[PDB]
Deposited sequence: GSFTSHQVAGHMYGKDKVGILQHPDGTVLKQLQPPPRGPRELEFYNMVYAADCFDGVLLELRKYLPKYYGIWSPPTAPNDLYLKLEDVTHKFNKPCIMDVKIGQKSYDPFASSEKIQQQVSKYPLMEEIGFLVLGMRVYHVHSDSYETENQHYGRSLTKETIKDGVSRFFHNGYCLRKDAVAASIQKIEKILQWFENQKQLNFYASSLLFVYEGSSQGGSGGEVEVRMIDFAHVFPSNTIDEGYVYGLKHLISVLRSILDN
């Protein structure tokens, strides 16, 4: 992700077919002549989309120009969580399914996977970062404590950020329970809170290279959100 100073980021299109699909998703959702109520509501939960972008001298080099969801924070604490039971899409080959399931074989059981976090620590004036192997190591026994780490500034558990995250996720969950036209595979939620309040918490959906038309509720996504809500809720009892 390329963080530009004017409060936006540039996300480079993934190689085909993934980048092109993510481009088309943003184009469908943010079509100026769109009056589909489902899609207009979905806009609230995504980064604001500014269209395709490429460098002036390089029309070959394709990016999405997107809102920087961390812009309004001073010391943003950021967690990326992949949502759903299946990280592979409805047209994946046998090998691709195996590739995806092997990355994290607990996806069906847990319904979400922590892709990373960056946590500001007050008393050291520094960030602790966790990479993809952190989340991939978490089991049903360790997921609650694994998620909890995101909300530890060193001195207190930020239950305010936990509660606000639940409240923001619940609105996304409500959107999913009132649409039967899109199914989302390998998509994520980006959580941001202020590390330096309730207060600023941001929760946005990202990563749309495997969103497909559907005739049904996205059951895997709903399962993941519900399980994530339940884990966060249990952290409020700590």
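- What the model leaves out of the deposited chain are the segments 1-19, 216-219.
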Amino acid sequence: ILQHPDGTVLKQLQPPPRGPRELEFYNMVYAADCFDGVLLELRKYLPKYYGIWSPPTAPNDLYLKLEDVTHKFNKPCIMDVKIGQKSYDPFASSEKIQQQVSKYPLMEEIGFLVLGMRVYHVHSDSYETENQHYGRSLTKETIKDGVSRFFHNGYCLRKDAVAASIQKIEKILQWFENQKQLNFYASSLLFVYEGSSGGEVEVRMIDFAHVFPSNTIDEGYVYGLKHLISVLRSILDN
From here on, numbers count along this sequence of modelled residues.
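In this text, rigid core is short for the largest set of C-alphas that superpose within 1.5 Å between two forms.
- With each structure aligned by its rigid core, the stretch whose Cα atoms sit farther from this model in 9 other deposited structures of this protein, between 30-38 and 55-63, is 55-63.
- The higher RMS C-alpha distance to the shown form in 9 other deposited structures of this protein, out of 43-51 and 172-180, belongs to 172-180, with every structure fitted on the core.
- For the pair 178-186 and 36-44, the mean Cα B-factor is higher in 36-44.
- Of the two segments examined, 109-117 and 129-137, it is 129-137 that shows the higher average Cα temperature factor in the deposited entry.
- Within the selection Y104, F151, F73, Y155, the deposited Cα B-factor values reach their highest point at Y155.
- In this PDB entry, the Cα temperature factor of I97 sits in the middle third of its chain's modelled residues.
- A31: CA B factor in the highest third of modelled residues in this chain (values from the PDB entry).
- Placement of the Cα temperature factor of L13 within the chain: middle third of the modelled residues, per the deposited record.
- Per the deposited record, the Cα B-factor of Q167 falls in the lowest third when ranked against the other modelled residues of its chain.
- Ranked within its chain, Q85 lands in the lowest third, by CA B factor from the PDB record.
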